[PDB]
Amino acid sequence: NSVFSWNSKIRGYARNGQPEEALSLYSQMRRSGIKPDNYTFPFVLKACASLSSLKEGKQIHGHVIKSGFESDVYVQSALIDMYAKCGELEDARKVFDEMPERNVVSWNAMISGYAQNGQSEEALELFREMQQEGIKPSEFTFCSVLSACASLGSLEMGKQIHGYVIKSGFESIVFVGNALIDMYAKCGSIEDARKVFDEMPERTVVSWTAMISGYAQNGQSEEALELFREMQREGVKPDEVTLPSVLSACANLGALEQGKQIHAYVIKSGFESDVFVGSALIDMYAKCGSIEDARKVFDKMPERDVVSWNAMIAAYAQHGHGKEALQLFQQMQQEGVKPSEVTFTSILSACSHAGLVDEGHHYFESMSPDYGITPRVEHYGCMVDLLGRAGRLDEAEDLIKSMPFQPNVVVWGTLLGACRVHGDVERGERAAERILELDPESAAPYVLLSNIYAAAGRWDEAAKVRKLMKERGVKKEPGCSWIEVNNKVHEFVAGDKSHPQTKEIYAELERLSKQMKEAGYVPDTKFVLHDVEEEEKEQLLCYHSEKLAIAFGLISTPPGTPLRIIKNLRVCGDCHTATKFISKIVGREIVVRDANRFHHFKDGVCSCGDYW
RNA sequence: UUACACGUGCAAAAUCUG
Ligand SMILES: [Zn+2]
Ligand SMILES: [Zn+2]
């Protein structure tokens, strides 16, 4: 044929997404005796960068040398991109440094090469050199350096780039705007991200995903879910990257139903084999009270990274299956998956909630010797949690002081919560004091100390701690348990008499306590922390938040149906005993969550073995 | 005049009285 005919065929396949066809035609063209020129090399090199075929890229680079195209800006810039997309920033920089003449694209190719290979600062440094040479940026430049800002978190740098974008007339480019959304979220300004998102003239799925990820990562899970529904309302179809962030919001909200819907979408749309989708699925099921479904997703997973293992390890940890979490960590090492810091936080949390004191000390002490993992403040908080639940409050406080980190509200709150369980009034005062200096607005140290005093019979003291809370304007979030029945969650506080079906819920509670009394249940009043006679103390135990949520569940669901209840507070001992009696009385498996840990009541016992 | 583009999931604690 001709060089034009060969170039047009190669050009078509290189930009269409058929890099091997472009390279096969390159070989046939060379065998044919047709000499490729500067209109062949950029598209053939583009195909190499697409396939990351470094060996062929150097082969074509050799052809460029022999053909005498070393001074061509198009050929050299394609060489920069090829080496950069092949993970060879050194050779990409050597091409860039030796170009006798470059343009914006050659600068963009090198800057994108740095930013795309975990090299965000050398990208910004080259971008700053670009101003000193008076090179006008393009939409590609601003899109690439905004991705570097997002990775580094420099908001003031990105604020300057956003301004430069507007002054350069690129604010309506969908790529540039998508970068601004991701940058602003990753830099801590979710509001500036929403402003760019709202003012956008055109929004792809990347636009909706970057906004939703920014919300779910920032705690606003109700809003990421609302934008997911609004995205479907506008006819935008989520890809395989949208659902992981969406499922992470379902896990935070206990939206077991919602998360089930996404799983059906995942099956229908062929995303079932994606690691991110699988890791988000096991995390969703676990945080929603279904360790069984979480294990099923982990089993069927065709491929697993360290996050998929860490998610299932944290799944067992949160559900009190400490031993099972430790078997998984061993198969991780046998299957050649190195443990991260997130791995050790999860297995240490598993040992804490399951009482594996010996094993918890082993993995913690062996975390840095036998593994490159160095201790974060989260691993020490796990140890304070482990010792606190084992009753070793002296070792817990001594670890807090000797900690190579500055103590926080979590690590002292762990000790304070443990003092509540074991009745250490003195240590409770000390722990509550250190929390108030760290944060004076947290209502937890007040109610905790008020509960500690009231448990000790120090009513006058407890009244003053409650008095001091009301005068400092400290507001506490109501302890409540909710239960999803027919896609409608149902919130219940202790002694709640505001529910529509209150009289049938309470009559059910009366019928239940009748059977519980015959089964041998005797409520103790030492667990009631109110200075009230015995007649109302047993009545107060009867109407706790989860006891209302159970009573509503078994009057609105068929008999024998498993019930799930999510609370924001730890269950007391007598209510843990009462739910054990209820589990066999009603013939159901009742899954109740504390602040984080899950209980499983079945056939008259709980999976925690009365250790939580 | 070719070449250069953006979005990912897994981290320890506490509120039974709002
Ligand atoms: Zn209770
Ligand atoms: Zn239990």
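Residues numbered from 1 in each chain as written, not as in the entry; some residues may be left out. Chains lettered and ligands numbered in written order. Heavy atoms only, no water.

How would you explain a negative patch on the surface if you had to name every residue and give the values?
On the surface, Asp 460, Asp 531, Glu 533, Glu 534, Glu 535, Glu 536 and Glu 538 cluster together to form a negatively charged patch. Top contributing element to the negative patch by residue count: helix 30 (residues 534–542), with four residues. Topologically, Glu 534 is positioned in helix 30. (Patch = residues over 30% accessible without salt bridge, like charges linked within 9 Å, V, L, I, M, F, W, Y side chains within 5 Å. Areas by Shrake-Rupley, 256 points an atom, 1.4 Å probe, with all protein chains shown as cover. Salt bridge = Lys/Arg side-chain N within 4 Å of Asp/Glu carboxyl O. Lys, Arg positive; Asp, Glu negative; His and termini not counted. Charge placed at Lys NZ, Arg CZ, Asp CG, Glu CD. Helix = DSSP H or I, 4+ residues; strand = E, 2+ residues; numbered from the N terminus.)

Mind laying out the packing of helix 2 (residues 19–31) against helix 3 (residues 41–51), listing which residues take part and the relevant values?
Interaxial distance between helix 2 and helix 3 falls to 9 Å at its minimum, and their mutual angle equals 135 degrees. One way to sum up the angle between helix 2 and helix 3 is to call them oblique. With respect to the hand of their crossing, helix 2 and helix 3 are arranged in left-handed fashion. On helix 3, the residues that touch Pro 19, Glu 20, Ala 22, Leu 23 and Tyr 26 of helix 2 are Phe 41, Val 44, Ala 47, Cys 48, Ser 50 and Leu 51. The residue makeup of the contact of helix 2 with helix 3, split by class, is nine nonpolar, one polar and one charged. (Axes fitted to C-alpha atoms, helices over the stretch in contact; angles between N-to-C directions. Parallel < 35°, antiparallel > 145°, perpendicular 65-115°, else oblique. Left-handed = near helix turned anticlockwise from the far one by under 90°. Contact = heavy atoms within 4.5 Å. Nonpolar A, V, L, I, M, F, W, Y, C, P; charged D, E, K, R; others polar.)

Kindly report on the sheet that holds strand 4 (residues 590–593), identifying the contributing residues and their values.
Here six strands make up an open sheet; going across it, the order is 2-1-3-4-5-6 and the pairing mixed. In this open sheet, the two edge strands, each paired with only one partner strand, are strand 2 (488–493) and strand 6 (605–606). Pairing between strand 5 (residues 598–602) and strand 6: two bridges, direction antiparallel. Each bridged residue has a counterpart across the sheet, and for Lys 602 the counterpart in strand 6 is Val 605. Helix 32 (residues 573–585) rests against strand 4, strand 5 and strand 6 of the sheet, and its axis sits at about 40 degrees to strand 5. (Pairing = 2+ DSSP bridges.)

Could you give an account of the coordination of the zinc ion (ligand 2), with specific residues and numbers?
Coordination of the zinc ion (ligand 2) by the protein involves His 576 (NE2), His 599 (ND1), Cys 606 (SG) and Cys 608 (SG), with metal-donor separations of 2.0 to 2.3 Å. Taken together, the four donor atoms surrounding the zinc ion (ligand 2) define angles of 100 to 121 degrees at the centre, an arrangement classified as tetrahedral. Counting residues between consecutive donors of the zinc ion (ligand 2) along the chain gives the motif H-x22-H-x6-C-x1-C. Pair noted here: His 576 is in helix 32 and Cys 606 is in strand 6, with a separation of 30 residues, a long-range link. Exposure class is identical for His 576 and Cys 606. Each is buried. (Donors = N, O, S within 2.8 Å, 3.2 Å for Na, K, Ca; no water. Tetrahedral: all angles 85-135°; square planar, octahedral: opposite > 155°, others 65-115°. Buried < 20%, exposed > 50% of the residue type's maximum accessible area, 1.4 Å probe, protein only.)

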